[PDB]
Amino acid sequence: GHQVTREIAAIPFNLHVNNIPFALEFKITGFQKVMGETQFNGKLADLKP
Amino acid sequence: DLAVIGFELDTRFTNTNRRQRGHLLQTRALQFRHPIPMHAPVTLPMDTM
């Protein structure tokens, strides 16, 4: 009521819908622990008395 | 003691009157300045005669 401004606006009209009740989900972590570290010889070293 | 007591809807308006304009986009700019210094020289002395 106290200022005039030009308002260019985009009004979306859309919907996302799912059809099929199937999914298979993995959570994958540990890339750096496996690729940045010994995985075999370190374990043999740990067996050293 | 088992009954439905309340509910919530996903009702939304149709803002055909621009009741809501949402987020705003505006142009911005940043300025960085990098002045270049002098560095210490290297000298070759030689005889003046």
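Per the PDB record, the structure was determined using cryo-EM to 3.5 Å resolution.

The name the PDB entry gives chain B is gp120, with Phikzvirus phiKZ as the organism.

As annotated in the PDB entry, chain A is gp120 from Phikzvirus phiKZ.

Bringing the overall build of chain A into the picture now. Within chain A one finds two helices and zero strands. Each of the three principal axes of chain A carries a C-alpha extent, and together these read 85 × 40 × 15 Å. In chain A, which comprises 49 residues, the share counted as buried stands at 4%. For chain A, the accessible area works out to roughly 6,000 Å², and carbon and sulfur atoms hold 60% of it. Counting 5 positive and 4 negative side-chain charges, chain A places the averaged centre of each group 6 Å from the other.

Inspection of the secondary structure assignment puts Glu7 of chain A in the segment before helix 1 (31-35). Beyond its immediate stretch of four places on either side in the chain, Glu7 of chain A contacts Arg18 and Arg21 of chain B. Here the side chain of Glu7 of chain A touches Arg21 of chain B through a polar contact of 2.9 Å, side chain to side chain.

This brings us to a nonpolar patch on the surface. Together, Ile20, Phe22, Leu24, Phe26, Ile28, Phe31, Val34 and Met35 of chain A give the surface a local cluster of nonpolar side chains, amounting to about 1,000 Å² of exposed area. Positionally, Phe22 of chain A belongs in the segment before helix 1.

Cut-offs applied
- Residues numbered from 1 in each chain as written, not as in the entry; some residues may be left out.
- Chains lettered and ligands numbered in written order.
- Part of a larger assembly, values for the part shown.
- Heavy atoms only, no water.
- Helix = DSSP H or I, 4+ residues; strand = E, 2+ residues; numbered from the N terminus.
- Buried < 20%, exposed > 50% of the residue type's maximum accessible area, 1.4 Å probe, protein only.
- Areas by Shrake-Rupley, 256 points an atom, 1.4 Å probe, with all protein chains shown as cover.
- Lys, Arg positive; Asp, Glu negative; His and termini not counted.
- Charge placed at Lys NZ, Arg CZ, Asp CG, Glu CD.
- Contact = heavy atoms within 4.5 Å.
- Polar contact = N/O pair within 3.5 Å; in protein donor to acceptor, adjacent residues only side chain to side chain.
- Patch = residues over 30% accessible without salt bridge, like charges linked within 9 Å, V, L, I, M, F, W, Y side chains within 5 Å.
- Salt bridge = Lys/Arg side-chain N within 4 Å of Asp/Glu carboxyl O.

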